[PDB]
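Have a look at the structure below, then the notes.
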Amino acid sequence: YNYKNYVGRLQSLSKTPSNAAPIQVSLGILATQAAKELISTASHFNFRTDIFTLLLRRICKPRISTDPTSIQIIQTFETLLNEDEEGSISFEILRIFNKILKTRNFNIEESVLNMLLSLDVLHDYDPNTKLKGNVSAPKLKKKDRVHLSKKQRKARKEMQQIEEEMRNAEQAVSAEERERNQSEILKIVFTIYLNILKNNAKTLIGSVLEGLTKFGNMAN
RNA sequence: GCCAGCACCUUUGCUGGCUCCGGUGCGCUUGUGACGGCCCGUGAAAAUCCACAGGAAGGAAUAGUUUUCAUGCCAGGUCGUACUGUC
């Protein structure tokens, strides 16, 4: 309840027509910074859609160069799209982005449109990529174990056998959902790019063609 | 178990002694104790036995209560079992 009220207040304060007193503009800027900082970890929580909507509305303004936070919000959105592999948060952001663009007749800054270039869901890598060197003790040593009762050991076995099948099912569900999210995001991105091309905005052509070249081979 | 002696056309067995004291191990077989190393779900389940918390209930005037102390009584059915012998 309190987080809902806080996010609603942040959204209300973010909307400032840049014509009121400078105190209100400062309030809106601080609210936008707070929302930008909050979404870095509260993305997997309730009412993330409101934060996404307010941040994208701030970004999708016709003039954002005077805004002292557009750089940071674009960086955060790019990081969110880059680190998201399953495609759930990416699709959630892209739906709102398309909804906002359709209202503005697809008129944004090339830089804004550049966030779609960082979509991890539309990227494919080597099946055997080398991750970072991560080292940990494989198993607790036998002579350094903690005593467990027979009932405790039986419960440990049961919960391990449950967890193994839960992990298998989780992997299967993630694999089957990534493909569908990828298809939906491809549809949305290609629709946005084609609408931009039909509008023929002289300041957005290069980014659009780069997006087509990057994501062209991921489609059907 | 090892001896010695005396009995018989026969189951023809009787008697007398000695069966003691030690040492040794990169030895073989096997059990076991404390460790050390590595793998790994803290490494099958159940019948079965025991204990612990808890404080219900019970206990006295011509045999109070309990009998995880001691002694004493009774019983233990069905099937396999001779012989040989891919693991």
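We did not get these values from a lab; they are worked out from the coordinates using the rules stated. Quick reminder, even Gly has a Cβ in these numbers, built from the backbone with ideal geometry, and neighbours come from all protein chains shown.
Observations, loosely collected:
- Efficiency of FRET between A:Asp124 and A:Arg153 - r from beta-carbon atoms, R0 35 angstrom, step 0.05: 0.20
- Cα→Cβ-extended label distance, 7 Å offset, between A:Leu209 and A:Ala172, nm: 4.7 nm
- Springs join every pair of Cα atoms under 10 Å in this Gaussian network model of chain A, and among A:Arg145, A:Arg156, A:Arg48 the largest mean-square fluctuation is at A:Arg145.
- Peptides A:63-74, A:162-173 ordered by packing proxy, namely the average of other Cβ atoms within 10 Å per residue, highest first: A:63-74, A:162-173.
- Region A:93-136: trypsin sites (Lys or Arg not before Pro) in DSSP coil with no more than 12 other Cβ atoms inside 10 Å: A:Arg104, A:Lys130, A:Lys132
- Within region A:49-121, GluC sites (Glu not before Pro) in DSSP loop having at most 16 other beta-carbon neighbours inside 10 Å: A:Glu85, A:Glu86
- Of A:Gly28, A:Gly206, A:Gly133, the one that fluctuates the most in a GNM where chain A has Cα springs shorter than 10 Å: A:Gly133
- Across all directions, the average flat footprint of the convex hull enclosing the Cα atoms of region A:78-126 is 3.6 nm².
- Between A:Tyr1, A:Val173, A:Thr41, the Cα set farthest toward the positive side of the dipole of chain A (charges on each charged residue's Cβ, about the Cα centre) is that of A:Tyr1.
- Seen from A:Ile188, the other residues with C-beta closer than 14 Å to its C-beta sum to a net charge of +3, counting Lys and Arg as +1 and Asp and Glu as -1.
- Debye intensity ratio in log₁₀ form over the Cα atoms of region A:81-159, taken at each q of 0.19, 0.20 Å⁻¹: -0.94, -0.98
- Angle between chain A longest axis and helix A:205-215 axis [Cα atoms, degrees, rounded to 10]: 20 degrees
- Formal net charge of residues neighbouring A:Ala137 (Cβ-Cβ distance under 15 Å; K, R +1; D, E -1): +4
- Over all directions, the projected convex hull of the C-alpha atoms in chain A averages 18.0 nm² in area.
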